[PDB]
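Chemist: Just the structure for this:
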Amino acid sequence: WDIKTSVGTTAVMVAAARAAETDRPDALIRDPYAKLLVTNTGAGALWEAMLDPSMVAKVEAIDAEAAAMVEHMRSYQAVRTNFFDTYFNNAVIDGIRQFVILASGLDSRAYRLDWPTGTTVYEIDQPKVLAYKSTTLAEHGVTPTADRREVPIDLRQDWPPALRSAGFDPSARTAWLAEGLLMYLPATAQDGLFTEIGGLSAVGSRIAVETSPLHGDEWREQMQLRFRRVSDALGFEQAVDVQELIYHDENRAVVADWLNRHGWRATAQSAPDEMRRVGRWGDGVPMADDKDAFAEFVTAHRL
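Modeler: Numbers count the residues shown, from 1 in each chain. I have put the structure below:
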């Protein structure tokens, strides 16, 4: 692969999760391109084997608790993807034609969703990662289903100027997306992010965001010990590496509250409520009754 960053590993682990849901007869979501994106890394073999539905029983024989986290991730990623897909579909139906995916990673929406002509989808993320995604797909004969414009820059760097020279039109309504991002930014970087987003946002722009959970790093500690127990058990040569939330005990604005104080109307749907509505929630997970252990999904329109 030769992408060895943390965005790299996480990108692979969540794509692995989507691929595993995808091959199922009643998939909650289907990403035809996850499996390919993972394979061509070389570094996902392990996630593939752990998350494969046909392995449920071998995994369970190892540890019933890790068994439940493996399940929880499969379900979580499916439900997350489902939610944001729905959000992107509603923007479309309500007439929105400009779309920015932040830290786009190996997200493949620009290629798999159905977009009306005249739609533009800007992808912002790291040079290498974007190159990797588009070369791979390009080569397997996969073409965007929208006018996909790469903005190759680090999210913690000066990205507004490069979004604009990619053609972004700050006066069209925009549907912004930030999945798998906030837990990993320091808190001021969060405020800076929404400030920069607000400034580029025309009346009626929407934003969807996964938020960082208060107790999110306790739960990271568990994925680690569990997932390590499982690949040790599975004979996988190479140590699991779950991205740490290093800024976890920095003082963080509550995201809806913050948007509502800055020109948006926002709502939070907590991940557990969302997983419950679609029937994918296990009371048998660890930290089940730590509401604060899980992200919220936050939606807002620009006033």
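Chemist: From now on I want contacts and neighbour counts done on CA atoms only, so please keep to that.
Modeler: Fine.
Chemist: So which residues of the stretch 101-250 of the chain form helices?
Modeler: All helices of the stretch 101-250 of the chain, identified by DSSP state H, counting those that start in this stretch, fall at 109-112, 127-139, 160-164, 187-199, 216-234.
Chemist: which one of the ones you listed has the most crowded surroundings?
Modeler: Greatest average neighbour count among the helices of the stretch 101-250 of the chain goes to helix 109-112 (a mean of 20), per mean count of other CA atoms under 10 Å.
Chemist: Please name the nearest non-neighbouring residue to residue 179.
Modeler: Counting by CA to CA, 6 or more residues apart in numbering, the nearest residue to residue 179 once its immediate chain neighbours are dropped is residue 210, at 5.2 Å.
Chemist: rewinding a little: and the helices of the stretch 101-250 of the chain: which comes nearest residue 61?
Modeler: Comparing the helices of the stretch 101-250 of the chain by their distance to residue 61 (CA to CA), the top pick is helix 216-234, with 9.9 Å.
Chemist: contacts for that closest one?
Modeler: The contact list for helix 216-234 (CA atoms under 8 Å, 6 or more residues apart in numbering) reads 46, 50, 59, 62-63, 65-66, 69-70, 183, 239-246, 248, 287, 292-295.
Chemist: got it, and stretch 104-113?
Modeler: Contacts for stretch 104-113 (CA under 8 Å, 6+ apart): 7-8, 11-12, 15, 31-34, 37, 121, 123-126, 129-130, 133, 142-146, 148.
Chemist: Separate out the buried members of the contacts of helix 216-234.
Modeler: Among those, those scoring as buried are 46, 50, 59, 62, 65-66, 69-70, 183, 240, 242-245, 248, 293-295 (criterion: 16 or more other CA atoms under 10 Å).
Chemist: any idea what sits nearest residue 17, other than its immediate chain neighbours?
Modeler: Spatial nearest neighbour of residue 17, excluding adjacent residues (CA to CA, 6+ apart): residue 74 at 5.2 Å.
Chemist: Now for the one you found: which residues touch it?
Modeler: Residues in contact with residue 74, defined by CA under 8 Å, 6+ apart, are 17-18, 20-21, 51.
Chemist: quick one on the thing from earlier: can you list the helices of the stretch 101-250 of the chain in JSON lines and add distance to residue 154?
Modeler: Listed next are the helices of the stretch 101-250 of the chain as JSON lines, based on distance: least, CA to CA, whole Å:
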{"stretch": "helix 109-112", "distance to residue 154": "19"}
{"stretch": "helix 127-139", "distance to residue 154": "8"}
{"stretch": "helix 160-164", "distance to residue 154": "11"}
{"stretch": "helix 187-199", "distance to residue 154": "12"}
{"stretch": "helix 216-234", "distance to residue 154": "23"}
